[PDB]
Structure formats: C-alpha cells, structure tokens
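Return atomic coordinates for the entry below.
(chains A, B and C)
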Amino acid sequence: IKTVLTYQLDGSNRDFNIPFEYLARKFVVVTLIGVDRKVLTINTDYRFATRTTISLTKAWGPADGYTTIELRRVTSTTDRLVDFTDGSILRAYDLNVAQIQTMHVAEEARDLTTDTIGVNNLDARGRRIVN
Amino acid sequence: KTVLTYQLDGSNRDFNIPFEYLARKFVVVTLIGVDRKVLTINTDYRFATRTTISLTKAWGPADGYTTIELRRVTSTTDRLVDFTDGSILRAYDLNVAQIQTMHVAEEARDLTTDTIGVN
Amino acid sequence: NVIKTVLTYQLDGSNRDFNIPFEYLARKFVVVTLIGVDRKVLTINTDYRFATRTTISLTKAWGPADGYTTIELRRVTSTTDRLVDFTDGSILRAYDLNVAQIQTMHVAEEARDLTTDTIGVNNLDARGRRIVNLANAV
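Residues are numbered from 1 along each chain as shown, chains lettered A, B, ... in the order given. The structure is reproduced below:
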C-alpha cells in the first residue's frame, strides 16, 4: 500500500514524493511511462531531494511526448543485502534487515496484481500477442 | 486456497477455516456481491476453537449477502517479531520470522491466478 | 518487469545444451519443460544431466519438427517444505541462517515472478499459452 504509482506530470513541475520506504538508494526505479517506456538514471536526471521526494533535473512535460513517471520499488533477488559469514557476530539488526527486505519483495508482488489485466465487468492494450 | 468462498443457509455460523494464520486480525472476512461489507472482530466475530470462525450469529443469505468469502491478509508492515539484542532467540521465533514472509508470497500469487488464470 | 526466473530459450533444431542464470537453491527446484504442441516435463537423472553448476545438458536434441518449439525452464521452490528448520541448539551456522533466508527470498521472488508470467505487460500482454476460453465474439 502502495509501491507502484503514477503521478501526473506537466512541465515545470519536477518534485515528486515517495510514499513507501525504499530500504536502498537504487531500489527505486523511475520510469516516465510516456508514450513509450524510458528508464531514468540515478544522477543524470532525477536526484532524491530529501530522501522522500524525487527531484527532476529536466522537468519533463507531455510536450516532448511523455506522461507519466511510474516509480516502483524493484527489489532485487540476487543483490541480497544481508549475508551471514562465519562469525562476524549476528547483531539483531542483521537478522532484521534480512527479514525486512524479503517482505519487501513479497509485497511488491501484491502491487504487481493491479498492473496486469484487471476485470472491469478487459484492458486498453494496443496489442495482445503470441496467442 | 488462501482465499475460499462460503455460501450457506441462514442462521448457521460454525465455519471451519483452513489456511492457517499467524495473528487473528489477519483473517479478514467479508459480505458479498451486492456489497463489499467488511465486518469487524469484536462487534461481530470471535474465533472459538482457533480453527473456526463461529461466526457471529445469523447473517445469511437473505439480505443480499450470498455469502461469505473469508481470506488471509497478512500485514507486511507490522512485523510480528522484532529481533532485539539478546533477549535470546527461541527456535520457534527463527522459524516464524521466515514463515510470515513466505505467506505474503502464497497470498500474492493466488489472487493473481483468479484473474485470467493459469490452467 | 522483468521475468528473472522463468525463461524460454529458442530450442532451435539440434542444440543440446542451455544455461540457467537464476540462483536455484536445489537441483529439483528447476523444472524444465518443453513447449510447442505440449507441456512435456522431463525427469533429471535419466533424460538430462545437469551439465555443470549452471548448464542443462539435455539428452537429446529435441524439436522443432518432431514436436516441441522452445525448451523453457523455471524455478519451482517448495513453499511448504522448508530446507533448514531451527530447533533448540543446534548452534546457528552461517550456512543455516543464509539458506533459510535464501529460500524465503526465492519464494517471495518466485511469487512476484509468477504473477507477470501468467498474463502481463511485455517490455502489451504476453505468453505462449492457449488462453483457453472466452466464449464470445462481439
């Protein structure tokens, strides 16, 4: 509740906030869904202004073709953050962030469910494909 | 089977539940297709034998409520266990820690399979 | 976006040998299947060696004529049978806490991956399934 959003963007607005908690600087991925998908890059174009608002250096509008930013919290399965070596004491904090991050993936699965088809009582995709 | 549907005759209340839960407020239980009525625990429903919802008393099916769809919703924010500096671990705990985060996963796949399905 | 643990290689005539990039925890957690008229599942110790750590030497040389168009494989981690279970000590090992955290990292990932895998946004909606019945043309 809720990882994936889309805002609304028009030009000269560049400061958009994150509702979730991110747990690592790279886990936010920021894509102007636009007409077409475009992934944005951690320093070139958006900087985290206050750890909870994403500033934008370039203030994109609909007029160069793009609405809107979709920011999900993609959490990698391979880049695990907590590794237990031979001791190397277990702080409780180590065991905490290990069970914290794996819940973060599991909840990201529950906001994947809204962004495929949906039943309206089915979607405005231009294509469905390979049959 | 993290979510199941239960329609039944009226003034009966002794539903059995499997999935199996961790906290009693994870079971959310609903009233159906005319409305989306979500009833609360202590105004309405206890659990009696820790596997039955024993409901409240009647409702069914007559008030447009045909009928109950109880389900798991585990909260992903309120972790049941916070590990602290020792404050020693119990082996029950080290399991239940990883047990809960596997249950969001079993929850998450199954409501996606209810739209267009796999099989 | 993007599927990390289900993958569909082009079977492409006689090619015996494909790679598996994701971090499968045990041998039996990878199920390989055959696509193209059927959904053929093929058992390990006879029909295909694990070539190496990361490679499936499939024996032999299926498709596409004589039936199957794409070898695909996915992870299936058992979400019930946990792999190391902690009892009273029984000292905590680095291997024990990791594999326990490794496994539940997969089950949440295998969930999130499976949810795109059914019908979901291609990087438009996708997959080579039959989309069995919708029952009316309007």
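
got the residues of chain A near chain C?
Selection of chain A residues close to chain C by C-beta under 8 Å from any C-beta of the partner chain yields A:37, A:74, A:77-78, A:80, A:82-88, A:90, A:95, A:98-99, A:102-103, A:105-106, A:108-109, A:112-113, A:115-117, A:123, A:125-131. Every residue, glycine included, has its C-beta placed from N, CA and C.

Give the PyMOL command for selecting the buried subset of those residues.
Only the buried entries of the residues of chain A next to chain C go into this PyMOL selection, using 16 or more other C-beta atoms under 10 Å in any protein chain shown:
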select buried, chain A and resi 74+77+80+82+84+90+95+98+99+102+103+105+106+108+109+112+113+115+116+117
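
ok, and which of the residues of chain A next to chain C reach chain B?
Restricting the residues of chain A next to chain C to those near chain B by C-beta under 8 Å from any C-beta leaves A:95, A:99, A:102-103, A:106, A:109, A:112-113, A:116-117.

Next, format these as TSV and append secondary structure.
Converted to TSV, those look like this (DSSP: H, G, I helix; E, B strand; the rest coil):
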residue	secondary structure
A:95	helix
A:99	helix
A:102	helix
A:103	helix
A:106	helix
A:109	coil
A:112	coil
A:113	coil
A:116	coil
A:117	coil
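
before we move on, back to that, and the residues of chain A next to chain C, which of them are in strands?
Of the positions in those, not one sits in strands, assigned by DSSP state E.

Helices along chain A, start to end?
Secondary structure of chain A (DSSP state H): helices at A:92-108.

Show me what the closest residue to residue A:22 other than its chain neighbours is bridged to.
Distances taken as C-beta to C-beta, 6 or more residues apart in numbering or on different chains place residue A:28 nearest to residue A:22, at 5.3 Å, with adjacent residues excluded. Beta-bridge pairing for residue A:28 (DSSP bridges): residue A:73.

Contacts only, for the residue lying farthest from the centre of chain A.
Relative to the C-alpha centroid of chain A, counting by C-alpha atoms, centre = their mean, residue A:87 is the outermost residue, at 34.4 Å. Residues in contact with residue A:87 (C-beta atoms under 8 Å, 6 or more residues apart in numbering or on different chains) are residue C:94.

try the one 4 residues further on
Residue A:91 makes contact with residue B:85 under the criterion C-beta under 8 Å, 6+ apart.

Also residue A:13?
If you count contacts by C-beta under 8 Å, 6+ apart, then residue A:13 has residue A:59 around it.

one more time with 10 Å
Taking C-beta atoms under 10 Å, 6 or more residues apart in numbering or on different chains, we find residue A:13 in contact with A:7, A:56, A:59-61.

Spatially central residue in chain A, please.
Geometric centre of chain A, nearest residue: residue A:72, 1.9 Å, by C-alpha atoms, centre = their mean.

what's around the closest residue to it other than its chain neighbours, how many residues?
Nearest in space to residue A:72, with sequence neighbours left out and distances taken as C-beta to C-beta, 6+ apart, is residue A:4 at 4.5 Å. The burial count assigned to residue A:4 is 15, neighbours taken as other C-beta atoms under 10 Å in any protein chain shown.

wait, residue A:4 sits on residue A:73?
Yes. Using C-beta atoms under 10 Å, residue A:4 makes contact with residue A:73 at a distance of 8.1 Å.

Touching both of the two, which residues are there?
Residues touching both residue A:4 and residue A:73 (C-beta under 10 Å, 6+ apart): A:20, A:108, A:111.

Residue A:67 reaches residue A:38, doesn't it?
No. Applying C-beta under 10 Å as the test, residue A:67 and residue A:38 come out as separate, 11.6 Å apart.

Now list whatever residues contact both of the two.
Applying C-beta under 10 Å, 6+ apart, one finds that residue A:67 and residue A:38 are jointly contacted by A:32, A:60.

residues in contact with residue A:26?
With contacts defined as C-beta under 10 Å, 6+ apart, residue A:26 is in contact with A:42, A:74-76, A:79.

What's the ChimeraX syntax to select whichever of those are buried?
Entered in ChimeraX, the line below selects the buried ones among those, by 16+ other C-beta under 10 Å:
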select /A:74,75
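
Show me the two of the contacts of residue A:26 that sit farthest apart.
Greatest spacing in those, by C-beta to C-beta: A:42 and A:75 (15.7 Å).

So residue A:14 sits against residue A:55, correct?
Yes. If you go by C-beta under 10 Å, residue A:14 and residue A:55 touch, sitting 5.9 Å apart.

list residues touching both of these two?
In contact with both residue A:14 and residue A:55: A:46, A:49, using C-beta under 10 Å, 6+ apart.

From start to finish, how long is stretch A:50-62 in a straight line?
This stretch, stretch A:50-62, spans 26 Å end to end (C-alpha to C-alpha, to the nearest Å).
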